[PDB]
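Scroll down for the structure; my scribbles are underneath it.
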DNA sequence: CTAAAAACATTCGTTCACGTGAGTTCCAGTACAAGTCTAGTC
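Dropping the structure here:
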């Protein structure tokens, strides 16, 4: 719901990162065990990037829906962090 | 001559100063992670 607590929380994230809010929102909704391998995730991300380059948001929406429906809340949060390009695992790239 | 008063010699206990090995812990130093890097228009 656009006026539901989850919608405002996702939108009002003080532009405690967005990944944590998304994980909390998706916890009661998402499954407990995903079925996507690393190769499938990489293929979906590549498709999203290519469609963005080609200016076709329908395919981007379809790929995002597939990722959302075939992953768990932890997987959703990690995918969001990867897309944003901000992980902060506590260990530097070096 | 005589004993006695003074001086001298010895051993012990206590105090102190220094040196040194061992255990505990506190902290300066080091390593590492994360953020910043100019401001605006169109």
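In the entry's author numbering, the protein residues as written are 100 to 114, 123 to 201.
Think of the CB as a built atom: it goes at the ideal place given N, C-alpha and C, for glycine as much as any other residue.
Residues bridged to residue i [DSSP beta-bridge criterion]
i           : result
residue 170 : None; residue 170 has no bridge partner.
residue 179 : 138
Beta-carbon proximity check, residue i vs residue j, cutoff 9 Å
i           : j           : result
residue 186 : residue 196 : no
residue 155 : residue 172 : no
residue 126 : residue 188 : yes
Member of the options whose CA lies at the smallest distance from the CA of residue i
i           : options          : result
residue 168 : 152, 129 and 181 : 152
residue 176 : 108, 102 and 138 : 138
Any 3 or more C-beta pairs closer than 8 Å across the region 124 to 142 and the region 178 to 185: yes
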